[PDB]
């Protein structure tokens, strides 16, 4: 391998022997790609011209009133696609193109990844099949249509629990055979190496911008940068360029669900033990005899039963801290952003925000510079917050 598959003890390539030439060619190609000026500029031009980067950094005006907290939001909700999924998916279809591949395989639960693979493949003339679990397909009718529309082929999984877990496997089986024509487009900084390092280098510009934008605006590095942790790309996208700025904290929010004490939650990194699944050694949600179980969260795009290897590792050397937020703490931060700043945040990112609101309400005279990663808009969620409310 050209690069290290391990972030401390976490990570690896724990895949069937047959997939290994695919992963090793993808590593070799990504190392070339990151070294080629041509690749960087084409990638940049799509981000800038098709997607809308730099995204904005908003200073919150009215949510921190009569506290000493300064909130900024990184506005990945104003990205083409209204969810940060767009910056890695462009960069990986460019890579498939640079590898001579003609198809894209992908899997989904909520829809946002499937839709973001479909919108990148339409844009670059690649054939695209999305694997989605029947439970998920039924629930995610608005996103199925949006995918079909853009020309993506949707195959309905409904084996195992018919969830993302199951969708993730079938897509790899397909990759075993298709791997020299097709490319599997993995949703997050998780799974077999090198998808942990690729999905970070293609979300890394979030950090790069938040930094120069806070430097332009405030003149000093932020104190903590909060971010939720579905499987880790948005979070590791924000953290990446701040990791060597020891003065800057990095808090990652995890789905507390109905409550840590209730089990229906998606908090593997702090309350679930290490295991081997989806080609990596990293913390996960499993029974006492190794059978992996489904996690849970109000945010569909936050319930996935493990976490990125490098997130599991930054927790171990104490460089980042991971905390939790329950469903009702997410709802309240949702209504508060709407009614106060006039931004409808995605329920996923409300978890990162609820945590920064708690930090300022609990210690009101602490002067502290915060930056939340607003990582998707909430249009998708106005029906669900309206089934609760």
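Numbering follows the first chain given and starts at 1.
Of the two segments, 123-131 and 141-149, the one listed with the higher mean B-factor is 141-149 (C-alpha atoms only). The stretch with the higher mean CA B factor, choosing between 240-248 and 287-295, is 287-295.
Across 81, 109, 318, 207, the greatest Cα temperature factor reported in the deposited entry is at 109. The PDB entry gives the largest Cα B-factor of the residues 164, 282, 95, 235 to 164. Ranked by Cα temperature factor within the chain, residue 55 sits in the middle third according to the deposited record. In the PDB entry, a CA B factor belonging to the lowest third of its chain's modelled residues is recorded for residue 91. The PDB entry assigns residue 184 a C-alpha temperature factor belonging to the middle third of its chain's modelled residues. Residue-level temperature factors show residue 304 in the highest third of its chain, judged at the C-alpha atom. In this PDB entry, the Cα temperature factor of residue 364 sits in the bottom third of its chain's modelled residues, the lowest group.
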